[PDB]
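Colleague: This is the structure I have questions about; it appears just below.
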Amino acid sequence: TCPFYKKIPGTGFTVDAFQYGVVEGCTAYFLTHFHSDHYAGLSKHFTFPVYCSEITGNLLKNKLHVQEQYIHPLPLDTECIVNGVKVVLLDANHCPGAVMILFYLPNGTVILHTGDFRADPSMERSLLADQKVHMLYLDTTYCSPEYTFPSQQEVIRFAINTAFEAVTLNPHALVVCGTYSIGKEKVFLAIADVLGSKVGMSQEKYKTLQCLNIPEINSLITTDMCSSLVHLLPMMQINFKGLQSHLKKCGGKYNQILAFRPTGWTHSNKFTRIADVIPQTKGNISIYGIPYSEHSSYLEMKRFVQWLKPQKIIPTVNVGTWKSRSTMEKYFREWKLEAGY
Ligand code: NI
């Protein structure tokens, strides 16, 4: 059964609610983004209207085979009327196609649902600038001050400089990057660009990237592994065994692997600065864990909320324990007393 923090009061609408069968009273299901915890339930058999971005819609049609008659893509930054209710989709700065959704309720209440997001000051100059939000349904993934990590741009600078140095010292090195969902594509795209290569991958992953409206993509990626010196592998293969196994398949072209494992936050962010990060190494294989986050840091989150000044906050992540719920409520009250709303 559908939980309350996925329901939008006073509408026939749910958000990211596809795993509960038919939801009593729902005339339109919104999908914020193509991650499995959020789409869980969609297939070729779905016969209700799905409202989403153009990129999410491409992924539903090609990867999950949802029939085209039930896909309703909406443009971003544009007032749209759905079942007699004004809505707007906003870029969430998460993975490709991910949105926030602003709902203008018939009773005058305004609701923002962030989906999954990485708060940014640029959001302060979207269509949110105008106005009051009575209810914020907030991605609280990292809602505690211990959760610190660098900018995406700093992490990508470290990855480019690390890969360009290694391959200039050894032209016979291969670079390997792990993936398991959409998002974080800048990590392998920026590496391949500095090295003058296309990115090599499986047929399945190529098909997924072809859905994402990335400009000039045909110039950047390939299924011909032999032609590429940056390879993508599933994340589960990014270990000494799985990397050794890969190196054998490459026909003695290469005598070293440098591999990247993009993660979210890890506890080594408490101690070690991005500049100071070192790899795990066995023989001719080296693995770097890099904290490339597509969710708000605590500080980013706090800034966004203190700017927006919502009347009420409903968390959508870490809601399962009394201690988690309590911690988050303590922070929402501090932020409100500090800023005066
Ligand atoms: Ni997500």
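Using the deposited numbering, the first residue of the sequence shown is number 700, and each one after it goes up by one. We put the CB at the ideal spot given by N, CA and C, even for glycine.
Give a yes or no on whether the C-beta atoms belonging to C751 and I881 are separated by under 8 Å.
Modeller: Not in contact: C751 and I881 (Cβ atoms no closer than 8 Å).
Colleague: Hey, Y991 and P1014 are a contact pair by Cβ (cut 8 Å); roughly how many whole angstroms apart?
Modeller: That pair is no contact at about 24 Å.
Colleague: Check whether the Cβ atoms of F816 and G877 sit closer than 8 Å, and answer yes or no.
Modeller: The answer is no: Cβ separation not under 8 Å.
Colleague: Taking only the alpha-carbon atoms, compute the straight-line gap between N968 and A891 and give it to the nearest angstrom.
Modeller: Approximately 26 Å, taken between the alpha carbons.
Colleague: Taking just the CA atoms, how far does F747 sit from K1008?
Modeller: Going from the Cα of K1008 to the Cα of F747 covers about 35 Å.
Colleague: Classify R960 as helix, strand or coil using the three-state DSSP reduction.
Modeller: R960: strand per DSSP, three-state reduction.
Colleague: Alpha carbons only, please: which of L1036, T755 and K831 is nearest the one belonging to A797?
Modeller: Taking only the C-alpha atoms, the option nearest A797 is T755.
Colleague: Label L998 either buried or exposed according to how many other C-beta atoms from any shown protein chain fall within 10 Å of its C-beta, with 16 as the threshold for buried.
Modeller: When all chains shown are included, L998 counts as exposed.
Colleague: Does the beta-carbon distance from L763 to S742 come in below 8 Å?
Modeller: Contact flag set, yes.
Colleague: Contact defined as beta carbons within less than 8 Å: I believe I810 pairs with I916. What is the distance between those atoms, to the nearest angstrom?
Modeller: Not really, about 35 Å apart at Cβ, beyond 8 Å.
Colleague: Under the rule that 16 or more other beta-carbon atoms within 10 Å means buried, what is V1004, buried or exposed?
Modeller: Buried is the call here.
Colleague: Cα separation between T921 and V784?
Modeller: Between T921 and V784, the C-alpha separation is close to 43 Å.
Colleague: Using the Cβ count rule (16 or more neighbours within 10 Å means buried), how would you classify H930?
Modeller: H930 is buried by the Cβ-count criterion.
Colleague: Between the C-alpha atoms of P914 and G1039, what's the straight-line distance to the nearest angstrom?
Modeller: In a straight line, the C-alpha of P914 is about 44 Å away from that of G1039.
Colleague: Taking contact to mean 3 or more Cβ pairs, one atom from each stretch, closer than 8 Å, check whether the stretch 938-950 and the stretch 971-986 are in contact.
Modeller: Segments in contact, yes.
Colleague: So, under 8 Å CB-CB, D838 and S995 are touching, yes? Tell me the CB distance rounded to an integer number of Å.
Modeller: Contact holds; Cβ gap of about 7 Å.
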